[PDB]
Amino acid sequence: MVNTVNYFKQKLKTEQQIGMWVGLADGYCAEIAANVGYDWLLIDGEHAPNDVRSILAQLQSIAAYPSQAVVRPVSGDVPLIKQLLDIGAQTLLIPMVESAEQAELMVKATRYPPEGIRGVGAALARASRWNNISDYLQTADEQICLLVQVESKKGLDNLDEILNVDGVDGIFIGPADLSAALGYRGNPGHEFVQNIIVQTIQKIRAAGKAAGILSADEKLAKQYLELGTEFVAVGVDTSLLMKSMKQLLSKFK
């Protein structure tokens, strides 16, 4: 078997990928999402009740389908990154990255020694298909994609430095934490926040990195796609489920 090709990673340089946030934290819900045809599915280990084993179950469901999996761990924790890579997550979105130093450590956490600090356990891991991918330890690094989130004043204060870190493939901007960090908690729609988001996306793309964002607002999503944003999540499973059920009940109250 040749290593699973990371089409998400390749597509960062060739197209704009449309994404769905997967927070229902369940192999069955992840499979329903995997049937729709999103370019990428964000399995949320930070804001949904997931652990290594529930994320594994969702990778297995989604694996039969074209949609590429991206895993957001709870934090840039090196051992947890080691766990998620070995279960076969090929793209990670690291929350709350605030310095070049922290971004380089995340690069190392995703690469085998001697170049990085990823723990070696290929015989045991879905990632190597238990060594059925015969050359895994030689070929793994090529198909790993590292994304970091900038979501604080300190991250924005270190944006140019993070953007010069080799091995950061993309910077994702989450309007929720960023709006809140800027003193507009719950109101990312403010001009002050939007101007900072647009400038940030411009700087990201100017430095040759992929820019990413989430917006459930169709107008803002299409605006971010007009700027060339490479990976745009356009909704959240929990929100779509809740709103579709509320909208239906309102027709009957």
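A residue's number is simply how far along the shown sequence it sits, counting from 1.
Open item on the list: If you take the mean CA temperature factor per stretch, which one wins between 51-59 and 182-190?
Closed with: It is 182-190 that shows the higher mean C-alpha B-factor.
TODO: For the higher mean C-alpha B factor in the entry, choose 229-237 or 7-15.
DONE: Of 7-15 and 229-237, the stretch with the higher C-alpha B-factor average is 7-15.
Task: 46, 218, 39, 31, ranked by C-alpha B-factor: the highest one - done: Highest C-alpha B-factor among the listed options: 218.
TODO: Going by the CA temperature factor in the entry, name the top one among 93, 107, 122, 87.
DONE: Highest C-alpha B-factor among the listed options: 122.
Task: Record-listed C-alpha B factor of residue 153: chain third - done: Highest third - that is where residue 153 ends up once the chain's C-alpha B-factors are sorted.
TODO: Grab the CA temperature factor for residue 202 from the record and place it in the lowest, middle or highest third of its chain.
DONE: Tercile = highest for this residue's CA B-factor.
Task: Within-chain third of residue 223 by Cα B-factor, per the entry - done: For residue 223, the deposited C-alpha B-factor lands in the highest third.
- [ ] Using the B-factor values recorded in the entry, state whether the Cα atom of residue 102 falls in the lowest, middle or highest third among the modelled residues of its chain.
- [x] As the PDB entry reports it, the C-alpha B-factor of residue 102 lands in the middle third of its chain.
- [ ] Sorting the chain's modelled residues by C-alpha B-factor, tell me whether residue 77 ends up in the lowest, middle or highest third.
- [x] For residue 77, whose C-alpha B-factor we compare with every modelled residue in the chain, the answer is the lowest third.
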